[PDB]
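J.: Below are the structure tokens for one structure; questions will follow.
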Amino acid sequence: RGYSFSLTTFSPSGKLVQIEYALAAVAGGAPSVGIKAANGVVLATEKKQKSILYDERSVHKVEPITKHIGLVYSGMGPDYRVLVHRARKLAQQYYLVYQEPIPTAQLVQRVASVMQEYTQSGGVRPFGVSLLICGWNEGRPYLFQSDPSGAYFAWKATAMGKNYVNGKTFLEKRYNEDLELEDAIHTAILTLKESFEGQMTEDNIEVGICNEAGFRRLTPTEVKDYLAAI
Amino acid sequence: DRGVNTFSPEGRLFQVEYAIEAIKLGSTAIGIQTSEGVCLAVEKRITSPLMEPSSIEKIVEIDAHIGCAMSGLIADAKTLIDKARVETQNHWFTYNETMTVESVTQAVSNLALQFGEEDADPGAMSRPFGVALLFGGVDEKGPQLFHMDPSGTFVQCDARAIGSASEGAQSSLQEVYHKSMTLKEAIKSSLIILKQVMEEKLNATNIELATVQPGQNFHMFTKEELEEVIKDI
Amino acid sequence: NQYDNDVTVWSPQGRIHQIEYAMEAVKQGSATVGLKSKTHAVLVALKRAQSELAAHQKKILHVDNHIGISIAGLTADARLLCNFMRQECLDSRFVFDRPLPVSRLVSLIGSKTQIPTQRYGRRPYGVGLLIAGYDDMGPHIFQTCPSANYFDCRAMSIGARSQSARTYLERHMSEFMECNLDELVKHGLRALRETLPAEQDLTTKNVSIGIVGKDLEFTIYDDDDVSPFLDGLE
Amino acid sequence: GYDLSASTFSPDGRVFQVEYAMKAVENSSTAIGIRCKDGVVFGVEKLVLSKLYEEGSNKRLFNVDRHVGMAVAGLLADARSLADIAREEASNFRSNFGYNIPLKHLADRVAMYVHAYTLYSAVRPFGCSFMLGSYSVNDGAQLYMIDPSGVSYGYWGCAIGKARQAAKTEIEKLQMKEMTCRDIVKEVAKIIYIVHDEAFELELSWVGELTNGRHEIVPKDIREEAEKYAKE
Amino acid sequence: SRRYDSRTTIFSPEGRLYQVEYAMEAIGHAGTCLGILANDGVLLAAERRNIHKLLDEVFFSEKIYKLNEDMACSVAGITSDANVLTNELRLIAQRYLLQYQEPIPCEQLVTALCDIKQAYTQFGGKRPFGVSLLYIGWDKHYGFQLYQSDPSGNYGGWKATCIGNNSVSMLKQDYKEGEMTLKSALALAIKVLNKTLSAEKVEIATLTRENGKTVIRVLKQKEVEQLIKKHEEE
Amino acid sequence: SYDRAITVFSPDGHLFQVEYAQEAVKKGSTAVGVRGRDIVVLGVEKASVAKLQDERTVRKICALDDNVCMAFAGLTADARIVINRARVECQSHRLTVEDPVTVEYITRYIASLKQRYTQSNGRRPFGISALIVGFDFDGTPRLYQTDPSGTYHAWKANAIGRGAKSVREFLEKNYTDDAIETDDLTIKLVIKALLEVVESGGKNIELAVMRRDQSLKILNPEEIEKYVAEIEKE
Amino acid sequence: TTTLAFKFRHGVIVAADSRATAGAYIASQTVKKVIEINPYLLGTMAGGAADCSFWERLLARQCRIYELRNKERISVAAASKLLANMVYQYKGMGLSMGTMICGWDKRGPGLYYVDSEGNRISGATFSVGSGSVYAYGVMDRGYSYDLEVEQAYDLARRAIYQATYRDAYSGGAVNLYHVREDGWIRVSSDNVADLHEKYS
Amino acid sequence: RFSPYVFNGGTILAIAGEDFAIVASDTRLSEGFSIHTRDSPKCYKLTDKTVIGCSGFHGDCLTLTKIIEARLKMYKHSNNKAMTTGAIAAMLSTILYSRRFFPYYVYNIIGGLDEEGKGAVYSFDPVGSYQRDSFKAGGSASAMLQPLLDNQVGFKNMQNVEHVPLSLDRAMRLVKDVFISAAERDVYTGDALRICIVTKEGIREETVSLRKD
Amino acid sequence: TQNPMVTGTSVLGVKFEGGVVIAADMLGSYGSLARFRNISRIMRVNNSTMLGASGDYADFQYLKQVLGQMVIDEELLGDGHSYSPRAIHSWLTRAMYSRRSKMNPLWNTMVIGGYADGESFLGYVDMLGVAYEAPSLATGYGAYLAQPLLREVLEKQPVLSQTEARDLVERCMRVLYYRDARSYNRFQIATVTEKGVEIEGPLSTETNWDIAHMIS
């Protein structure tokens, strides 16, 4: 049982062939924006299903890691769910040994640590989910993104998934360092509104904020509320 | 490629019939069982003359009354020579007696065709032991020498040649031995080494000879005994 | 031939493509013949001398306390398999304190050599045993094979050009279930004396036989003791 | 080269190491099993090679738990292997739960054993179709048949082997439900002698009210009574 | 299966290691961060990723990592691997303390990390750690010293060696080996980085001391705007 | 847990992984040693370490415990593992028998170790080759040269580096009895032998001597110059 | 059991008695309580008749493996050291033994003393055994390094003669060994009664 | 809490002459105060020329004879040579020692004859210490039979009787009288000793009864 | 040892010209409390061998499922070859010696008997592994009480008919009803003959309390 040989390896050019394919599988994923704001963040994403047939209260893409840290993805479906499982477990190891909710930076350390050995270690392919992190952690909010390589960077705004160059350029245009509450939600909504493939339905987007009282998903009556206030 | 535990479209294993080769590579050794002993010799093929020739161990004494003579891929035998002597003193330990030669040869040849890729813990072997050797030994049955293969096949032998001279020296040895020692089998075996000669007229620097006689235990020959024999030819 | 990485694969017709090729690897081995009477079963083997001269790589083996074998294929792998068969036959001497019956013996080695046929990167035990023993009923004789498929046979011959020995031995089954030891082993040696390359003699050197049955231990007849078995001219 | 490994699909979803094992029982002889109201009757074709093999040289009607049976088709090494681990499986059931093993659970258990053994490149699939069969006092004459794919179905008159293309037709035209197994032991020879189109030294075993949940090679008399269905 | 393995731990027919010198070409794609020692302490001088505004605050950067009170390390190549190994080697540092109550003289640490990284290129079939990271440090035994290592495994005292693209030859015409006077080492560092620049797109960090204990400074913002106007010509 | 058999027999008895290690020792430094009958002496033409090396950590010359010391040649990072395990088991052999550990035994441990990596499952046998010099309880300045096939020879020059077939044929020519004196003719023979290959010892060569179970002394480039000058003067 | 050993200018005498008790009933009057591990060294036994016999038996195996493996005679400090290693790593398990490891080597007469607790000391003279301290007394009254061969033999015979006379758990015979730079020899198999009539 | 040993009793004797070895026995195995059976042999025919006696705890005596029997067979066709007697004594010494820390509580005596033909007899403690002798009964009446054939065989504490070597008539009459004496005086008597006697031509086995109480 | 285990008391048996008869009382005595009355302690195995139990009954249910599973397993190999009562005795011996060898011992102390091909068999297997053969056996206090009546008649004549042996063990079982405290009235008597194993339970003992009214 098992293989115990790495399938991720170095090209003759000198680069990882599987990781750039993982960033291709991320770049073919659903678009998701994340905006660091002066008191709190907003992590919006786009839930377009096949038909109007499914339960849009069944699966989530905003979902917390146990205290005040939500994380949203773009790319492969269930590999995300594995990273939520591992991330909740690592946050609870940290909580049972140090008796505080985990600093966001350390959670990104350990999630980027567990995503690294799937670029090695016996036949496993890398995850191909570049999920991004939020978190209030004391004083000022944080935001990160763990690539399927294992790198991570903190910033003020980003996008990912489909056509993310337009998201990074557009958020580079419209960002202010004091831009703080629901205005961030506003520009997040008009970053997903940029493509969306049509009509901007409230059941096809969900956002999550970290407004100094724990990460919480937004109820579907609140997104449609600001979709009435467009 | 293909692995080690696969059979060849000829009929045998790949790694075994490849382990019959790298026995043509390497030095040549010969042995003659007689009625009052068994003589072993090997032309250990010194490369340069800038050097010390009396530390190329190709006649190795397993016990006091078993001496082996390896060839081929040298120093691959040291694990199974180690198993030969550890098994020897285990036999003397647990049973308080001497051994046969088919018990050490029985014990070593079990380790020959015992390898594989995916098996137990990685202290196992990958390639087969590419070293053919033969245990010259004296027993309470008789003096005898057991020619091994890398396949684990071991046979009774009284006149056996290994190494690169496994055809011409074996065919020469086929017609010159029938009777007994009477001191001249060791002088009619280096004569076969004298026909074999690769680099040098077989002086007491490039051949190692050792006999196992039932009166003594063994005798790894020193230099003046060797060149005492070479002077007689 | 992409079926060379190959005791996991199947040829597209039905073939597993190398554990029948281990059956080739015991067709290549030396010839032998065993048979059974109503009372005692015998084994007869000719021993190849690929050297100066030798004990000719002694074939038939003592495993037992009346369950004797006759190997024909790889020799180190044969010795591994008879250290298995030997050790658990003595284990059935230890625990149950009865003679281990021959059928359960050959069946559980038929389940022991069947495991590397199953799994990955492990060659089959390329040896064709020709085991023979006397349990409670008549003296059984089992060919087993590297394909782990034994046969409750009578009067079987396996090895190099042993098919001619079978076709002698197939048309002379009528004088079995009689034909005591002195005239039985003659009837097996003149069955063995067809696998030889048509030049005249079952010598005392190369022929080693084994006898097992009623009121006698599995007894090996070597270079000397085969000389009282002498007859036939063809 | 989407072949040669059981962990790799086809480009239309068809694991070729399973269907290559399926023809690997289609090149082996037949073994029919006929259900009726008092039990299940097996019958196996034999393809006796030489005269050197004696009667029952290779058993192909094994038994497992003193009531279920093992009419096998393919490689006898693999079939004998899963026969003995079926013996160990009913051993763990009877030792574990006390109650004598119902056959549906044994067929599902051996079925998922040989199926879960076809999910890995580190093993080959089995090359042996086989069928079970018994009845408890309140079970009904349960029999099941298991492919090398690992699928197990309850049948009435299933037939595996080389000539199952012929053998399924006569079992379908035979009256299936309401006869009392002794005649169908006799009638099994008619199926075996039809499907053998070339020593055919056949062999039968069953479980029935003449057995009370057991197995016997026939007892031995229908071998000289169902032999009298020559000339049909 | 043996058809699937990349076979990383194989010598080339030219004798070299294919997966190791592919890591050496991974350094030349992304890599900066030279290091200069003096009679006084040692400094790294580094480059960030690009001009992309969208970056709020790094506590330490993604380049300079703290290891003890008296050591630090900088990183080239693949940044996902080295993070792991630097936490790994950080563990090594602390357990030397647990074994010895010493602040781990840095050559012990570099030797340990190079032994485990050599162990990943020796066996296990995995890809090697694609990072040629380097180290600065101090011990009571030797002076201020920097070491430099690579994914092959060897290392050395590399008094002014840089890593990554555009390879250090100018430094081996400019470094005065006797005395260096660390302010002028900053000047030489912004010379080399000025040829290969405020703290938006540079990351320079020094190691100095006061009264025995070492001080690792990351050279906060306005010091870089001092040194960037310390040129006219260069 | 990687279990692929790497070091396998190809056809014509050629064990390709080991000969690939033979080019891997053919593509190294140029180590050389002389058994000079009361002294032993080494030398390895080093590269441009003066430009910016640290001479303390460029050592092809190490020390095992006090008397035995070796000069590896090839891959320069798989060697250091063999250095460490040689030092460890050398201290264990000081634990059991408590001797000034004989050079024969430790070089049998090195050759047995590399032969144990020509056997195990998937770990690439080393690309190093040693010069185990030293002494024993009674003088006897024995030299040993190992091999990636684990074959050690007790020869007296063994120039086994990269351009050292010319050095070993030179040392075949010019070592009979003129170097039986204390140190000067022996060290002159070594620095003559490496000045055959490259240039002057002010940048290139470094040596080490060992005298009668004391004082393993390296030679700084000020002292090497005197010998070089004498050789030049000739 | 009362063994004894002392070195001087000509090798070392190793002497021992020959009785083997079973608490109070005694088994044999003739026990070979000196193990001849090779024709250059020896080794004694001082209690736990299967323990000491097994561990000098196994010491004979290990030292013979050293003879084959490093083609030299084993140094006596190596044999005593590895004995102390193995019976050290069975310490506390009820193991009880004690021995001389004498024998000439390339440095000295040897005579190390290794027991169950793992002392492993060098020595000039020892006498381990059940009573055995009687032997200490009488041996250390007549011992000097400047002895010749014959009164050294009489020093051992009188020494463990009195140590077998006064002690209860000793007696039987006395064998005596004088090893030097050829290997051990045997000089006696006398019993206690003939020594008693020999010396009144 | 369990006491995994009992003392099933039994006394077994072996005498080494010059071409024979009288391995005596007894029969009655018994613990506590009730006897179990009167059939049980204690001399086991190992080879044609080696006979063990085996007394003490009977179940561990039995398993020990299974181990030394099965490993004698494991030797015999691993070297194509039967065991000698001293090699039986050696490997039984390391079987008895190999399980030391939960020991084989069994006193066993190995009779038989050597390679040259002269008889030998090896004695054992329950942890393994072999000495060759010409007497030494063992196991229940160990301290009862021993001083008689210290005198009538070894001739110790005895002046010039002009002692002759033993034979199959003097030593034959020397085994029956000591077991009727120990039948009188020991409690673990035996009712019928079965003297497995070994000779050069082969082996026979005389039986004669005792004091049955 | 740790708890009041549920025990029996005695399985006494004697062999006879013909077969061998063993007998035991049905009792599940929970340490001076007859907690289980109708409880069979006589195992049937294959048609030529029998088996009892005297000590712990839970370990006897363990042994009846491993003996039962082993004998049906080797029973369904076909090829004849059932277990002679050699092999049940020897396997049970090695099971118990290999069970106390790890100090986790089976606590029951049984007697197995059976009629082989030629003659009968009656073997004892102890808690510790003390195993032997005897013409007549008894376990527990029967080994103190039934054993004198058994090795008195069998010292006079070592040949018994079936009715003499059956009345003999009925009388011995009556004696154990009189003297053994952990003994119950009804008992299974059970005989294996040439025709096989048969168990005739349960029986009774005709008690003789006529000496009671002479006590003053």
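Order determines the names: the first chain of the structure tokens is A, the second B, and so forth; residues in each chain are numbered 1 upward, and ligands are numbered 1 upward as they are shown.
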Show me, as JSON, numbers by chain, every residue of chain F with an atom at most 10 Å from chain G, counting only C-alpha atoms.

T.: {"F": [93, 95, 96, 97, 98, 99, 104, 105, 108]}

J.: Export C-alpha atoms of the chosen residues as a PDB file, in the first residue's frame?

T.:
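Dumped everything to again18.pdb:
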ATOM      1  CA  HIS F  93      35.723   1.063  18.701  1.00  0.00           C
ATOM      2  CA  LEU F  95      34.724   2.133  23.633  1.00  0.00           C
ATOM      3  CA  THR F  96      35.078  -1.628  23.244  1.00  0.00           C
ATOM      4  CA  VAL F  97      38.756  -2.491  22.779  1.00  0.00           C
ATOM      5  CA  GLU F  98      40.274   0.923  23.793  1.00  0.00           C
ATOM      6  CA  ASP F  99      43.120   1.249  21.296  1.00  0.00           C
ATOM      7  CA  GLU F 104      42.575  -1.334   8.575  1.00  0.00           C
ATOM      8  CA  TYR F 105      39.448  -1.642  10.688  1.00  0.00           C
ATOM      9  CA  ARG F 108      36.876  -1.918   6.373  1.00  0.00           C
TER      10      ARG F 108
END

J.: Using only C-alpha atoms, which protein or nucleic acid residues come within 12 Å of residue F:123? Drop anything in the same chain fewer than 5 positions from it, and give the result as a VMD selection string.

T.: (chain B and resid 122 to 123 125 to 126) or (chain E and resid 7 to 11 118 to 126) or (chain F and resid 1 to 7 17 78 114 to 118)

J.: Dump N, CA, C and O atoms for the selected residues as a short mmCIF file (atom, residue, chain, number, x, y, z; two decimals), in the first residue's frame?

T.:
data_model
loop_
_atom_site.label_atom_id
_atom_site.label_comp_id
_atom_site.auth_asym_id
_atom_site.auth_seq_id
_atom_site.Cartn_x
_atom_site.Cartn_y
_atom_site.Cartn_z
N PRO B 122 13.90 -2.27 4.86
CA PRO B 122 14.89 -2.03 3.80
C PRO B 122 16.32 -2.47 4.09
O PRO B 122 17.23 -2.13 3.32
N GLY B 123 16.54 -3.23 5.16
CA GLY B 123 17.78 -3.97 5.32
C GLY B 123 17.92 -5.18 4.42
O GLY B 123 18.94 -5.87 4.50
N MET B 125 18.11 -7.07 0.52
CA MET B 125 18.96 -6.87 -0.64
C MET B 125 18.13 -6.53 -1.88
O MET B 125 16.99 -6.97 -2.03
N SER B 126 18.73 -5.74 -2.76
CA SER B 126 18.11 -5.43 -4.04
C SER B 126 18.69 -6.27 -5.17
O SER B 126 17.96 -7.01 -5.83
N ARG E 7 12.40 8.89 -10.34
CA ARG E 7 13.76 8.37 -10.13
C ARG E 7 14.74 9.52 -9.91
O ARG E 7 15.63 9.80 -10.71
N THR E 8 14.52 10.21 -8.79
CA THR E 8 15.32 11.38 -8.47
C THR E 8 16.73 11.01 -8.04
O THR E 8 17.69 11.72 -8.34
N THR E 9 16.88 9.89 -7.34
CA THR E 9 18.16 9.51 -6.74
C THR E 9 18.95 8.59 -7.68
O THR E 9 19.32 7.48 -7.34
N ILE E 10 19.19 9.09 -8.89
CA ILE E 10 19.94 8.36 -9.91
C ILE E 10 21.09 9.24 -10.36
O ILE E 10 20.90 10.44 -10.61
N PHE E 11 22.28 8.66 -10.49
CA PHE E 11 23.37 9.38 -11.13
C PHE E 11 23.14 9.44 -12.64
O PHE E 11 22.65 8.49 -13.24
N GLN E 118 20.94 16.83 2.51
CA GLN E 118 21.61 15.74 1.82
C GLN E 118 20.85 14.43 1.97
O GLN E 118 20.89 13.60 1.06
N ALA E 119 20.18 14.22 3.10
CA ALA E 119 19.43 12.98 3.27
C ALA E 119 18.19 12.96 2.38
O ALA E 119 17.77 11.90 1.93
N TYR E 120 17.61 14.13 2.09
CA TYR E 120 16.52 14.14 1.12
C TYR E 120 17.00 13.95 -0.31
O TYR E 120 16.24 13.45 -1.13
N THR E 121 18.24 14.33 -0.63
CA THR E 121 18.71 13.99 -1.97
C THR E 121 19.41 12.65 -2.03
O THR E 121 19.78 12.21 -3.13
N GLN E 122 19.59 11.97 -0.90
CA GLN E 122 20.26 10.68 -0.90
C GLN E 122 19.29 9.55 -1.19
O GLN E 122 19.56 8.68 -2.02
N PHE E 123 18.15 9.53 -0.50
CA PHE E 123 17.19 8.45 -0.66
C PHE E 123 15.80 8.97 -0.32
O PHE E 123 15.61 10.14 0.00
N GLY E 124 14.83 8.06 -0.37
CA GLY E 124 13.45 8.41 -0.17
C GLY E 124 12.69 8.69 -1.44
O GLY E 124 11.46 8.76 -1.41
N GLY E 125 13.38 8.88 -2.57
CA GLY E 125 12.72 9.09 -3.84
C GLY E 125 12.02 10.42 -4.00
O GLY E 125 11.29 10.60 -4.97
N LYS E 126 12.22 11.35 -3.07
CA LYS E 126 11.51 12.62 -3.12
C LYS E 126 12.33 13.65 -3.90
O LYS E 126 13.48 13.43 -4.26
N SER F 1 10.72 4.94 2.89
CA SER F 1 9.88 3.81 2.49
C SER F 1 9.98 3.55 1.00
O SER F 1 9.27 2.70 0.46
N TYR F 2 10.86 4.29 0.33
CA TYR F 2 11.07 4.11 -1.10
C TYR F 2 11.84 2.82 -1.33
O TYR F 2 12.91 2.61 -0.76
N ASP F 3 11.28 1.94 -2.17
CA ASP F 3 11.75 0.56 -2.23
C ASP F 3 12.06 0.10 -3.64
O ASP F 3 12.03 -1.10 -3.91
N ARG F 4 12.36 1.01 -4.56
CA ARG F 4 12.75 0.60 -5.90
C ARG F 4 14.20 0.15 -5.89
O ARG F 4 15.06 0.83 -5.33
N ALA F 5 14.47 -1.00 -6.50
CA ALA F 5 15.84 -1.49 -6.60
C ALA F 5 16.58 -0.68 -7.64
O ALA F 5 16.34 -0.83 -8.84
N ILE F 6 17.48 0.20 -7.20
CA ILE F 6 18.24 1.05 -8.10
C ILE F 6 19.47 0.32 -8.63
O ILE F 6 19.64 0.16 -9.84
N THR F 7 20.32 -0.14 -7.72
CA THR F 7 21.62 -0.68 -8.09
C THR F 7 21.42 -2.13 -8.53
O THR F 7 21.52 -3.08 -7.75
N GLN F 17 25.20 1.75 -11.92
CA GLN F 17 25.13 2.81 -10.91
C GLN F 17 26.50 3.02 -10.27
O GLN F 17 26.90 4.16 -9.97
N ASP F 78 28.06 14.10 0.05
CA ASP F 78 27.84 12.73 0.47
C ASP F 78 29.03 12.19 1.24
O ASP F 78 28.90 11.16 1.91
N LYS F 114 29.77 1.51 2.25
CA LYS F 114 29.42 1.81 0.86
C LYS F 114 28.94 0.57 0.12
O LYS F 114 28.05 0.67 -0.73
N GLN F 115 29.48 -0.60 0.47
CA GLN F 115 28.92 -1.82 -0.09
C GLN F 115 27.52 -2.08 0.45
O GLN F 115 26.69 -2.64 -0.27
N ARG F 116 27.24 -1.66 1.68
CA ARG F 116 25.86 -1.75 2.14
C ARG F 116 24.95 -0.74 1.48
O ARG F 116 23.72 -0.89 1.56
N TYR F 117 25.48 0.30 0.85
CA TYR F 117 24.60 1.12 0.02
C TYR F 117 24.61 0.71 -1.44
O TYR F 117 23.87 1.31 -2.23
N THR F 118 25.41 -0.28 -1.84
CA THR F 118 25.20 -0.91 -3.13
C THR F 118 24.20 -2.06 -3.07
O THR F 118 24.06 -2.79 -4.05
#

J.: To one decimal place in Å, what is the distance between atom CA of residue C:129 and atom CA of residue D:45?

T.: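 Interatomic distance, atom CA of residue C:129 to atom CA of residue D:45: 26.8 Å.
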
J.: As an exercise, work out the distance from atom CA of residue I:193 to atom CA of residue I:18 in Å and give it to one decimal place.

T.: 5.8 Å

J.: From the options D:140, D:69, D:11, D:102, which residue's atoms come nearest to chain I, counting only C-alpha atoms?

T.: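 Ranking D:140, D:69, D:11, D:102 by distance to chain I, first place goes to D:69.
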
J.: Looking at G:102, G:13, G:173, G:49, which one is nearest to residue H:93, with distances taken over only C-alpha atoms?

T.: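 Result for the nearest residue to residue H:93: G:49.
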